[PDB]
file my_file29.txt (compact mmCIF, C-alpha atoms)
# COMPACT_ATOMS: atom_id res chain seq x y z
CA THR A 1 19.92 51.97 -27.18
CA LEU A 2 22.30 50.20 -29.56
CA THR A 3 25.22 52.37 -28.42
CA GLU A 4 24.32 52.15 -24.72
CA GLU A 5 22.49 48.89 -23.89
CA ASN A 6 24.29 46.42 -26.17
CA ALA A 7 27.10 48.86 -27.13
CA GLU A 8 26.64 47.45 -30.66
CA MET A 9 27.06 50.64 -32.60
CA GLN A 10 29.24 51.91 -29.76
CA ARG A 11 32.12 49.71 -30.87
CA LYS A 12 30.82 49.74 -34.45
CA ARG A 13 30.77 53.56 -34.32
CA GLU A 14 34.34 53.79 -33.07
CA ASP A 15 35.27 51.19 -35.71
CA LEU A 16 33.53 53.08 -38.54
CA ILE A 17 35.01 56.40 -37.39
CA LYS A 18 38.44 54.74 -37.49
CA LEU A 19 37.61 53.23 -40.90
CA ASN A 20 36.47 56.54 -42.43
CA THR A 21 39.49 58.34 -40.95
CA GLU A 22 41.65 55.55 -42.41
CA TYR A 23 39.94 56.02 -45.79
CA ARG A 24 40.55 59.78 -45.90
CA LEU A 25 44.02 59.83 -44.32
CA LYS A 26 45.27 56.82 -46.30
CA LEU A 27 43.94 58.25 -49.57
CA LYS A 28 45.84 61.46 -48.81
CA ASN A 29 48.93 59.49 -47.77
CA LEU A 30 48.75 57.30 -50.88
CA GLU A 31 48.56 60.45 -53.02
CA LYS A 32 51.57 61.91 -51.20
CA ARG A 33 53.56 58.67 -51.49
CA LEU A 34 52.70 58.34 -55.19
CA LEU A 35 53.88 61.93 -55.70
CA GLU A 36 57.11 61.06 -53.86
CA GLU A 37 57.50 57.93 -56.02
CA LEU A 38 57.06 60.07 -59.14
CA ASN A 39 59.70 62.41 -57.71
CA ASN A 40 61.86 59.35 -57.00
CA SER A 41 61.25 57.84 -60.45
CA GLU A 42 66.37 53.80 -46.19
CA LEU A 43 63.57 55.45 -48.15
CA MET A 44 62.85 52.33 -50.22
CA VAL A 45 62.48 50.05 -47.18
CA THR A 46 60.24 52.56 -45.38
CA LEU A 47 58.05 53.01 -48.47
CA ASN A 48 57.75 49.24 -48.96
CA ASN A 49 56.87 48.69 -45.29
CA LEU A 50 54.24 51.45 -45.40
CA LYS A 51 52.79 49.96 -48.60
CA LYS A 52 52.64 46.50 -47.01
CA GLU A 53 50.91 47.90 -43.92
CA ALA A 54 48.47 49.74 -46.20
CA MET A 55 47.52 46.68 -48.24
CA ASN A 56 47.25 44.45 -45.15
CA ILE A 57 44.95 46.97 -43.44
CA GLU A 58 42.88 47.42 -46.61
CA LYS A 59 42.56 43.64 -47.01
CA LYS A 60 41.45 43.27 -43.39
CA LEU A 61 38.92 46.09 -43.71
CA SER A 62 37.56 44.63 -46.96
CA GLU A 63 37.15 41.26 -45.24
CA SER A 64 35.36 43.17 -42.46
CA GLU A 65 32.61 44.10 -44.95
CA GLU A 66 30.79 40.80 -44.31
CA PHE A 67 29.98 41.89 -40.74
CA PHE A 68 27.71 44.69 -42.01
CA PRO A 69 24.78 42.28 -42.70
CA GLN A 70 25.18 41.11 -39.09
CA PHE A 71 25.17 44.76 -37.97
CA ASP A 72 21.98 45.42 -39.95
CA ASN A 73 20.38 42.28 -38.49
CA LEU A 74 21.24 43.40 -34.96
CA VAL A 75 19.89 46.89 -35.72
CA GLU A 76 16.58 45.63 -37.09
CA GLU A 77 16.26 43.24 -34.14
CA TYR A 78 15.61 46.29 -31.93
CA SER A 79 12.71 47.85 -33.84
CA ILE A 80 9.74 46.56 -31.85
CA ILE A 81 11.01 48.75 -29.00
CA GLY A 82 10.99 51.64 -31.48
CA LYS A 83 7.36 51.03 -32.45
CA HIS A 84 6.44 50.76 -28.77
CA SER A 85 8.17 54.06 -28.03
CA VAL A 86 6.33 55.68 -30.94
CA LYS A 87 3.08 54.46 -29.38
CA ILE A 88 4.17 55.82 -25.99
CA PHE A 89 5.11 59.23 -27.41
CA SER A 90 1.81 59.38 -29.32
CA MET A 91 -0.06 58.66 -26.09
CA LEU A 92 1.97 61.40 -24.34
CA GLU A 93 1.17 63.84 -27.15
CA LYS A 94 -2.53 62.99 -27.16
CA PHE A 95 -2.88 63.38 -23.39
CA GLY A 96 -1.70 66.90 -24.16
CA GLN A 97 -5.11 67.42 -25.78
CA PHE A 98 -7.60 66.28 -23.12
CA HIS A 99 -6.39 69.18 -20.96
CA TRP A 100 -4.43 72.38 -21.51
CA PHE A 101 -1.82 71.70 -18.79
CA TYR A 102 -0.54 68.20 -19.63
CA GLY A 103 1.85 68.98 -22.47
CA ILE A 104 4.89 66.92 -23.38
CA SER A 105 8.29 67.77 -24.86
CA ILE A 106 10.60 65.45 -26.78
CA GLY A 107 13.56 66.33 -24.55
CA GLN A 108 11.85 64.88 -21.48
CA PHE A 109 11.30 61.60 -23.32
CA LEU A 110 14.95 61.57 -24.40
CA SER A 111 16.01 62.19 -20.79
CA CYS A 112 13.87 59.36 -19.42
CA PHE A 113 14.97 57.00 -22.21
CA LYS A 114 18.58 57.71 -21.27
CA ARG A 115 17.84 57.33 -17.54
CA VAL A 116 16.12 53.96 -18.00
CA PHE A 117 19.55 52.32 -18.41
CA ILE A 118 21.84 55.10 -17.17
CA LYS A 119 21.48 53.50 -13.72
CA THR A 120 14.97 37.82 -23.35
CA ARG A 121 17.03 41.01 -23.45
CA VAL A 122 14.46 42.76 -25.67
CA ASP A 123 11.64 41.88 -23.27
CA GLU A 124 13.69 43.07 -20.29
CA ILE A 125 14.60 46.42 -21.87
CA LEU A 126 10.96 46.85 -22.97
CA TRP A 127 9.76 46.20 -19.41
CA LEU A 128 12.37 48.67 -18.15
CA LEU A 129 11.20 51.30 -20.64
CA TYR A 130 7.53 50.93 -19.66
CA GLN A 131 8.32 50.91 -15.94
CA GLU A 132 10.60 53.95 -16.08
CA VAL A 133 8.31 56.03 -18.30
CA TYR A 134 5.36 55.28 -16.01
CA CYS A 135 7.45 56.12 -12.93
CA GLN A 136 8.64 59.42 -14.41
CA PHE A 137 5.26 60.46 -15.85
CA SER A 138 2.87 59.41 -13.07
CA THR A 139 3.67 62.59 -11.13
CA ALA A 140 2.40 65.02 -13.80
CA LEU A 141 -1.10 63.49 -13.98
CA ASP A 142 -3.96 63.62 -11.48
CA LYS A 143 -5.67 60.52 -10.12
CA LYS A 144 -8.07 59.91 -13.02
CA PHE A 145 -5.45 60.53 -15.71
CA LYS A 146 -2.77 58.60 -13.81
CA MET A 147 -5.09 55.60 -13.46
CA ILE A 148 -5.96 55.82 -17.17
CA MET A 149 -2.27 55.94 -18.15
CA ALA A 150 -1.45 52.98 -15.90
CA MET A 151 -4.29 50.94 -17.41
CA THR A 152 -3.14 51.80 -20.95
CA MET A 153 0.43 50.77 -20.16
CA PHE A 154 -0.79 47.48 -18.67
CA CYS A 155 -3.07 46.75 -21.62
CA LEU A 156 -0.39 47.61 -24.19
CA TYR A 157 2.03 45.24 -22.44
CA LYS A 158 -0.54 42.44 -22.18
CA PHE A 159 -1.57 42.83 -25.83
CA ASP A 160 1.93 43.06 -27.31
CA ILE A 161 3.27 40.21 -25.13
CA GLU A 162 0.40 37.80 -24.44
CA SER A 163 -2.05 36.07 -26.79
CA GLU A 164 -5.32 37.16 -28.41
CA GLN A 165 -7.84 35.49 -26.07
CA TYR A 166 -6.46 37.43 -23.09
CA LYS A 167 -6.66 40.60 -25.20
CA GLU A 168 -10.32 39.93 -26.02
CA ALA A 169 -11.00 39.21 -22.34
CA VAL A 170 -9.45 42.54 -21.33
CA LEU A 171 -11.45 44.39 -24.00
CA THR A 172 -14.75 42.83 -22.94
CA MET A 173 -14.00 43.43 -19.25
CA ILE A 174 -13.32 47.10 -20.07
CA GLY A 175 -16.55 47.24 -22.09
CA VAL A 176 -18.54 45.77 -19.20
CA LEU A 177 -16.87 48.24 -16.83
CA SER A 178 -17.86 51.08 -19.20
CA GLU A 179 -21.57 50.05 -19.18
CA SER A 180 -21.43 49.95 -22.99
CA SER A 181 -21.33 46.30 -24.14
CA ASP A 182 -23.72 43.90 -22.40
CA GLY A 183 -21.75 40.70 -22.84
CA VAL A 184 -20.47 38.36 -20.12
CA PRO A 185 -16.64 38.34 -20.19
CA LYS A 186 -14.77 35.08 -20.68
CA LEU A 187 -12.23 34.34 -17.95
CA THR A 188 -8.94 32.55 -18.59
CA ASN A 189 -7.37 32.49 -12.78
CA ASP A 190 -9.23 33.49 -9.62
CA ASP A 191 -8.46 37.19 -10.17
CA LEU A 192 -10.85 37.42 -13.13
CA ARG A 193 -13.51 35.47 -11.21
CA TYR A 194 -13.00 37.81 -8.24
CA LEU A 195 -13.39 40.81 -10.56
CA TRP A 196 -16.61 39.34 -11.97
CA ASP A 197 -17.90 38.80 -8.43
CA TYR A 198 -16.94 42.37 -7.49
CA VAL A 199 -18.73 43.88 -10.48
CA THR A 200 -21.62 41.62 -9.48
CA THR A 201 -21.26 43.06 -5.96
CA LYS A 202 -20.92 46.60 -7.45
CA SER A 203 -17.30 47.00 -6.31
CA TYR A 204 -14.98 48.61 -8.86
CA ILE A 205 -12.03 50.58 -7.47
CA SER A 206 -10.75 47.63 -5.43
CA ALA A 207 -10.30 45.43 -8.50
CA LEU A 208 -9.07 48.37 -10.60
CA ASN A 209 -6.27 49.11 -8.15
CA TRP A 210 -5.68 45.35 -7.90
CA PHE A 211 -4.95 45.31 -11.64
CA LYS A 212 -2.89 48.50 -11.31
CA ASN A 213 -0.74 46.94 -8.57
CA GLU A 214 -0.52 43.83 -10.76
CA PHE A 215 1.08 45.91 -13.52
CA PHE A 216 3.44 48.20 -11.59
CA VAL A 217 4.98 47.52 -8.18
CA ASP A 218 6.84 50.77 -7.41
CA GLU A 219 5.25 54.05 -6.28
CA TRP A 220 6.72 57.53 -6.75
CA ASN A 221 5.54 60.46 -4.63
CA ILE A 222 6.57 64.11 -4.93
CA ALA A 223 9.49 63.58 -2.53
CA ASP A 224 10.77 60.74 -4.72
CA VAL A 225 10.51 62.92 -7.84
CA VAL A 226 12.28 65.90 -6.27
CA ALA A 227 14.93 63.57 -4.82
CA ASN A 228 15.86 61.85 -8.10
CA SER A 229 15.76 65.03 -10.18
CA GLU A 230 18.22 66.86 -12.42
CA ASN A 231 16.75 70.30 -13.11
CA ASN A 232 16.51 72.92 -10.38
CA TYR A 233 13.05 74.10 -11.49
CA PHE A 234 9.84 72.44 -10.28
CA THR A 235 6.21 73.37 -10.95
CA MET A 236 3.42 72.32 -8.58
CA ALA A 237 -0.26 72.41 -9.54
CA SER A 238 -3.51 71.39 -7.85
CA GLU A 239 -7.19 72.31 -7.74
CA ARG A 240 -8.58 75.36 -5.98
CA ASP A 241 -10.35 73.57 -3.11
CA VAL A 242 -7.11 71.72 -2.22
CA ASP A 243 -4.00 73.31 -0.70
CA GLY A 244 -0.49 71.92 -1.02
CA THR A 245 1.75 74.10 1.14
CA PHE A 246 1.70 71.83 4.21
CA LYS A 247 3.12 68.90 2.22
CA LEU A 248 6.09 71.07 1.21
CA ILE A 249 6.42 72.18 4.85
CA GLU A 250 6.61 68.53 5.92
CA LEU A 251 9.08 67.75 3.11
CA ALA A 252 11.32 70.67 4.11
CA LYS A 253 11.15 69.58 7.75
CA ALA A 254 12.15 66.04 6.74
CA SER A 255 14.85 67.15 4.28
CA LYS A 256 16.16 69.97 6.56
CA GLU A 257 15.88 72.81 4.04
CA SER A 258 14.92 76.44 4.61
CA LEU A 259 11.53 76.86 2.94
CA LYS A 260 10.49 80.49 2.42
CA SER B 1 60.61 45.59 -54.13
CA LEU B 2 58.74 47.13 -57.07
CA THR B 3 56.38 44.14 -57.31
CA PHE B 4 54.09 45.64 -54.66
CA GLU B 5 53.93 48.97 -56.52
CA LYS B 6 53.24 47.17 -59.81
CA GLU B 7 50.46 45.16 -58.14
CA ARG B 8 48.98 48.35 -56.67
CA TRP B 9 48.96 50.02 -60.09
CA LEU B 10 47.41 46.90 -61.62
CA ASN B 11 44.71 46.85 -58.93
CA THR B 12 43.97 50.54 -59.54
CA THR B 13 43.59 49.92 -63.27
CA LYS B 14 41.43 46.88 -62.44
CA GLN B 15 38.95 48.63 -60.12
CA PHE B 16 38.85 51.69 -62.40
CA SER B 17 35.82 50.01 -64.01
CA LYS B 18 33.96 49.70 -60.70
CA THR B 19 35.04 53.27 -59.93
CA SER B 20 33.35 54.42 -63.15
CA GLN B 21 30.19 52.38 -62.46
CA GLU B 22 29.87 53.58 -58.85
CA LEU B 23 30.72 57.06 -60.10
CA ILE B 24 27.77 57.31 -62.50
call {"tool": "encode", "arguments": {"input": "my_file29.txt", "output": "structure tokens"}}
result
Amino acid sequence: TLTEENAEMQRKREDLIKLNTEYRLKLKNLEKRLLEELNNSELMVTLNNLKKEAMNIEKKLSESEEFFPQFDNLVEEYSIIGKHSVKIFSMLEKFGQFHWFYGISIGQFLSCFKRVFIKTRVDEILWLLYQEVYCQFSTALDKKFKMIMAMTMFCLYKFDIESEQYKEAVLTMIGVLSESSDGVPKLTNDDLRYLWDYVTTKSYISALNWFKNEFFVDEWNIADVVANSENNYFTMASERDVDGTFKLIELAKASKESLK
Amino acid sequence: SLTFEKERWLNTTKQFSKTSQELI
């Protein structure tokens, strides 16, 4: 992200590659020129000009050393995104344990983290990361697991961005929805009052999908996944009492491809 | 024209101490 989003260590990487190459090549060239000087103890003017270029470049690169604290500051500025990604990868790896068919590989996460920007800067890139990982991983989870993952992404965002009272409100609303904690939630807009009225009126899925649509605003069906895809291999799964061939028939009819 | 070479040799003999310290 520091070589691609801000290009920070992009130009710092080309600069440090040039600096290390300068170190090695100029040490070798200084050894060769000192050997020539020992052999010599037109040519004099060239040697003096090369020496002057060498000391000017070395002086400039030594004065460039003071930018390294700025580089380290800019590197450690983007670390909250790292902790968030560690949380996201841990949640991917642990949803590989509730079921035997929801595994995760590191390469897929690397691919999606490149594709988030292949196509409040920290807040914007964090929002992009959450949105893209949800978009790319909603298609491998069924309705229950997809809804759970969406709720976890929304709660993680609203707890690592917003304050503590909203966090406590979300926790107690979840606890009331789980029929575990018998405590009236504290509201901070009309949406929370509407949710309280709905759970008073024994309506759940309406307000749950209301919160889900409040978090994410873009949907991704199987056609969208197969359209914006890189690999040529796709695996489809379902449950036994549900077929899925007719959807592929409709997709092939729409996309004008010979399905066999 | 030898002043630059003399200064380079002097600088090498100067930072020899830091070379020893950041060698050990």
call {"tool": "interface_residues", "arguments": {"input": "my_file29.txt", "of": "chain A", "to": "chain B", "cutoff": "12 Å", "atoms": "all atoms listed in the file", "output": "PyMOL selection string"}}
result
chain A and resi 30+33-34+37-38+41+43-56+58
call {"tool": "atom_distance", "arguments": {"input": "my_file29.txt", "atom1": "atom CA of residue A:112", "atom2": "atom CA of residue A:83"}}
result
16.8 Å
call {"tool": "atom_distance", "arguments": {"input": "my_file29.txt", "atom1": "atom CA of residue A:12", "atom2": "atom CA of residue A:122"}}
result
19.8 Å
call {"tool": "atom_distance", "arguments": {"input": "my_file29.txt", "atom1": "atom CA of residue A:207", "atom2": "atom CA of residue A:195"}}
result
5.9 Å
call {"tool": "build_atoms", "arguments": {"input": "my_file29.txt", "residues": "stretch 139-157 of chain A", "atoms": "N, CA, C and O atoms", "output": "PDB file, in the frame of the given file"}}
result
ATOM      1  N   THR A 139       3.729  61.447 -12.026  1.00  0.00           N
ATOM      2  CA  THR A 139       3.670  62.590 -11.130  1.00  0.00           C
ATOM      3  C   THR A 139       3.098  63.846 -11.779  1.00  0.00           C
ATOM      4  O   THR A 139       2.778  64.799 -11.063  1.00  0.00           O
ATOM      5  N   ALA A 140       2.951  63.870 -13.103  1.00  0.00           N
ATOM      6  CA  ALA A 140       2.400  65.020 -13.800  1.00  0.00           C
ATOM      7  C   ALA A 140       0.925  64.863 -14.133  1.00  0.00           C
ATOM      8  O   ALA A 140       0.363  65.716 -14.825  1.00  0.00           O
ATOM      9  N   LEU A 141       0.288  63.794 -13.663  1.00  0.00           N
ATOM     10  CA  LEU A 141      -1.100  63.490 -13.980  1.00  0.00           C
ATOM     11  C   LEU A 141      -1.880  63.285 -12.687  1.00  0.00           C
ATOM     12  O   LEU A 141      -1.381  62.661 -11.746  1.00  0.00           O
ATOM     13  N   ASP A 142      -3.103  63.810 -12.645  1.00  0.00           N
ATOM     14  CA  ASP A 142      -3.960  63.620 -11.480  1.00  0.00           C
ATOM     15  C   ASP A 142      -4.498  62.189 -11.460  1.00  0.00           C
ATOM     16  O   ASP A 142      -4.205  61.374 -12.337  1.00  0.00           O
ATOM     17  N   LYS A 143      -5.327  61.900 -10.450  1.00  0.00           N
ATOM     18  CA  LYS A 143      -5.670  60.520 -10.120  1.00  0.00           C
ATOM     19  C   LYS A 143      -6.391  59.814 -11.264  1.00  0.00           C
ATOM     20  O   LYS A 143      -6.065  58.668 -11.603  1.00  0.00           O
ATOM     21  N   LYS A 144      -7.362  60.490 -11.884  1.00  0.00           N
ATOM     22  CA  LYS A 144      -8.070  59.910 -13.020  1.00  0.00           C
ATOM     23  C   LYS A 144      -7.114  59.645 -14.182  1.00  0.00           C
ATOM     24  O   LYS A 144      -7.056  58.531 -14.717  1.00  0.00           O
ATOM     25  N   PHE A 145      -6.346  60.665 -14.571  1.00  0.00           N
ATOM     26  CA  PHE A 145      -5.450  60.530 -15.710  1.00  0.00           C
ATOM     27  C   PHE A 145      -4.309  59.561 -15.421  1.00  0.00           C
ATOM     28  O   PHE A 145      -3.887  58.812 -16.308  1.00  0.00           O
ATOM     29  N   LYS A 146      -3.799  59.559 -14.184  1.00  0.00           N
ATOM     30  CA  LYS A 146      -2.770  58.600 -13.810  1.00  0.00           C
ATOM     31  C   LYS A 146      -3.287  57.169 -13.882  1.00  0.00           C
ATOM     32  O   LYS A 146      -2.593  56.271 -14.381  1.00  0.00           O
ATOM     33  N   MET A 147      -4.508  56.938 -13.392  1.00  0.00           N
ATOM     34  CA  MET A 147      -5.090  55.600 -13.460  1.00  0.00           C
ATOM     35  C   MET A 147      -5.317  55.180 -14.911  1.00  0.00           C
ATOM     36  O   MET A 147      -5.076  54.019 -15.275  1.00  0.00           O
ATOM     37  N   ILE A 148      -5.763  56.118 -15.754  1.00  0.00           N
ATOM     38  CA  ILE A 148      -5.960  55.820 -17.170  1.00  0.00           C
ATOM     39  C   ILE A 148      -4.635  55.449 -17.829  1.00  0.00           C
ATOM     40  O   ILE A 148      -4.554  54.465 -18.572  1.00  0.00           O
ATOM     41  N   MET A 149      -3.577  56.219 -17.554  1.00  0.00           N
ATOM     42  CA  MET A 149      -2.270  55.940 -18.150  1.00  0.00           C
ATOM     43  C   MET A 149      -1.725  54.596 -17.693  1.00  0.00           C
ATOM     44  O   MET A 149      -1.149  53.847 -18.493  1.00  0.00           O
ATOM     45  N   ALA A 150      -1.896  54.272 -16.407  1.00  0.00           N
ATOM     46  CA  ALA A 150      -1.450  52.980 -15.900  1.00  0.00           C
ATOM     47  C   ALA A 150      -2.199  51.833 -16.575  1.00  0.00           C
ATOM     48  O   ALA A 150      -1.593  50.820 -16.953  1.00  0.00           O
ATOM     49  N   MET A 151      -3.518  51.982 -16.743  1.00  0.00           N
ATOM     50  CA  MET A 151      -4.290  50.940 -17.410  1.00  0.00           C
ATOM     51  C   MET A 151      -3.876  50.786 -18.873  1.00  0.00           C
ATOM     52  O   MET A 151      -3.807  49.661 -19.383  1.00  0.00           O
ATOM     53  N   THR A 152      -3.593  51.895 -19.561  1.00  0.00           N
ATOM     54  CA  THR A 152      -3.140  51.800 -20.950  1.00  0.00           C
ATOM     55  C   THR A 152      -1.780  51.130 -21.056  1.00  0.00           C
ATOM     56  O   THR A 152      -1.545  50.340 -21.976  1.00  0.00           O
ATOM     57  N   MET A 153      -0.862  51.438 -20.136  1.00  0.00           N
ATOM     58  CA  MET A 153       0.430  50.770 -20.160  1.00  0.00           C
ATOM     59  C   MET A 153       0.283  49.270 -19.923  1.00  0.00           C
ATOM     60  O   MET A 153       0.885  48.453 -20.636  1.00  0.00           O
ATOM     61  N   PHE A 154      -0.555  48.894 -18.950  1.00  0.00           N
ATOM     62  CA  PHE A 154      -0.790  47.480 -18.670  1.00  0.00           C
ATOM     63  C   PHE A 154      -1.415  46.768 -19.856  1.00  0.00           C
ATOM     64  O   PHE A 154      -1.002  45.655 -20.210  1.00  0.00           O
ATOM     65  N   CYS A 155      -2.406  47.395 -20.495  1.00  0.00           N
ATOM     66  CA  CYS A 155      -3.070  46.750 -21.620  1.00  0.00           C
ATOM     67  C   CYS A 155      -2.151  46.643 -22.823  1.00  0.00           C
ATOM     68  O   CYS A 155      -2.157  45.627 -23.519  1.00  0.00           O
ATOM     69  N   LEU A 156      -1.344  47.678 -23.083  1.00  0.00           N
ATOM     70  CA  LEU A 156      -0.390  47.610 -24.190  1.00  0.00           C
ATOM     71  C   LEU A 156       0.614  46.483 -23.972  1.00  0.00           C
ATOM     72  O   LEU A 156       0.920  45.729 -24.907  1.00  0.00           O
ATOM     73  N   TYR A 157       1.118  46.342 -22.742  1.00  0.00           N
ATOM     74  CA  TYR A 157       2.030  45.240 -22.440  1.00  0.00           C
ATOM     75  C   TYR A 157       1.357  43.890 -22.638  1.00  0.00           C
ATOM     76  O   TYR A 157       1.909  42.997 -23.296  1.00  0.00           O
TER      77      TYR A 157
END
